[PDB]
Amino acid sequence: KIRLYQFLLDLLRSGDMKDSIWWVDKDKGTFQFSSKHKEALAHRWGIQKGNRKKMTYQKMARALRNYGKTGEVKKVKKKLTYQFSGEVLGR
DNA sequence: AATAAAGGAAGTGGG
DNA sequence: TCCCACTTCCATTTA
Ligand code: NA
């Protein structure tokens, strides 16, 4: 099953939910969620995973925070903004 | 107040 | 057995 960081990177590459997520500086791997349209993207993540409950942005962001230690995704000090590691971007 | 963004603990999956 | 990679739940802080 796909990992959350890969699901997000793939969306950014495909542009399929451009109103929910976008690159801020793709060279740096920084990206930002839409305040008003992030829930639709969270719903898609839960459906793709086949989870029992409806996924919310809050639960998705709870998972994202767990990457901060290992480094795949880090929170940036800007609203709704995160950053992929160089290793994730390269792979 | 109303709204919104921003981790400890225990449960679930598939090894 | 016991970690993976989250998921779910609940609570708190700041703006
Ligand atoms: Na929020």
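FYI, side chains are in, hydrogens and waters are out, and symmetry mates aren't considered; it's all heavy atoms of this structure. A note on names: the letters A, B, ... follow the listed sequences, proteins ahead of strands, and every chain is numbered from 1.
Among the atoms of the strands shown, only primed sugar atoms or phosphate atoms (P, OP1, OP2) are found under 4.0 Å from some heavy atom of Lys78(A). As judged by a 4.0 angstrom heavy-atom cut-off over every strand, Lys77(A) is placed among residues making no nucleic acid contact. Among the protein residues, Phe7(A) comes within range of no part of the nucleic acid, since none of its heavy atoms lies under 4.0 Å from any strand.
In the set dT7(C), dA6(B), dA5(B), the nucleotide with an atom closest to the side chain of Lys75(A) is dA6(B). Of the candidate nucleotides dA5(B), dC6(C), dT8(C), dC6(C) has the atom nearest to the side chain of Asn66(A). When distances run from any side-chain atom of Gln58(A) to the nucleotides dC10(C), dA4(B), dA9(B), the shortest one goes to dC10(C). Checked against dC6(C), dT7(C), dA5(B), the side chain of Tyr67(A) finds its nearest nucleotide in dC6(C).
The distance between atom CG of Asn51(A) and atom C1' of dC6(C), rounded to the nearest whole Å, is 8 Å. Rounded to whole angstrom, the span from the NE2 atom of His43(A) across to the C1' atom of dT8(C) amounts to 15 Å. We find that NZ of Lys59(A) is positioned 16 Å from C1' of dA11(C), with the value rounded to whole Å. In this structure, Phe33(A) places its CZ atom 13 Å from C1' of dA5(B), rounding to the nearest Å. Computed from coordinates, the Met60(A) CE to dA5(B) P distance equals 12 Å when rounded to whole Å. When rounded to the nearest whole Å, the span between CE of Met55(A) and P of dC6(C) equals 10 Å. Atom CD of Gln48(A) is separated from atom P of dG13(B) by 17 Å (rounded to the nearest Å). Residue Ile2(A) contributes atom CD1, which lies 17 Å from atom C1' of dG14(B) at whole-angstrom precision.
Between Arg52(A) and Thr81(A), the one whose closest nucleotide on DNA chain B sits nearer the 5' end is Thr81(A).
Salt bridge annotation for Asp16(A)-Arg44(A): present, with a cationic side-chain nitrogen under 4.0 angstrom from a carboxylate oxygen.
Remark: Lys53(A) is not in phosphate contact with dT7(C), judged by side-chain N or O atoms under 4.0 Å from OP1 or OP2. In this model, the phosphate group of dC6(C) is approached by a side-chain N or O of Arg3(A) to a distance below 4.0 Å at OP1 or OP2. Taking side-chain N and O atoms only, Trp45(A) has a distance below 4.0 Å to OP1 or OP2 of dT7(C). Using a 4.0 Å cut-off, some side-chain N or O of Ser35(A) falls inside it from OP1 or OP2 of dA5(B).
Between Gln58(A) and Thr56(A), the side chains place no donor N or O within less than 3.5 Å of an acceptor N or O (distance only, hydrogens not considered).
The gap from the P atom of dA6(B) to that of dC9(C) amounts to 22 Å, rounded to the nearest Å. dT8(C) and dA4(B) are spaced 22 Å apart, taking the P atom of each and rounding to whole Å.
When all heavy atoms of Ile2(A) and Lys49(A) are compared, the closest pair comes out as O-CD, 4.0 Å. Here the closest non-hydrogen pair linking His37(A) and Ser20(A) is O-OG, 2.7 Å.
Residues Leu4(A) and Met60(A) form a side-chain contact, since some pair of their non-hydrogen atoms from C-beta on lies under 4.5 Å apart.
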> Where do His43(A) and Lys54(A) land on the side chain to side chain contact (heavy atoms under 4.5 Å, CB included) test, with the steps shown first?
Replying inline: CA-CA 6 Å; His43(A) 294 162; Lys54(A) 181 186 73 168; 3.7 Å; yes
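Using a 30° and 60° split on the angle between ring planes, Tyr67(A) and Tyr5(A) fall in the perpendicular class, above 60°. Using a 30° and 60° split on the angle between ring planes, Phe31(A) and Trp23(A) fall in the perpendicular class, above 60°.
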> In dot-bracket notation, what is the pairing pattern of DNA chain B, taking Watson-Crick (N1-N3 plus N6-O4 or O6-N4) and G-U wobble (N1-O2 and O6-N3) contacts under 3.5 Å, with [ ] crossing and | for other strands?
Replying inline: ..||||||||||.||
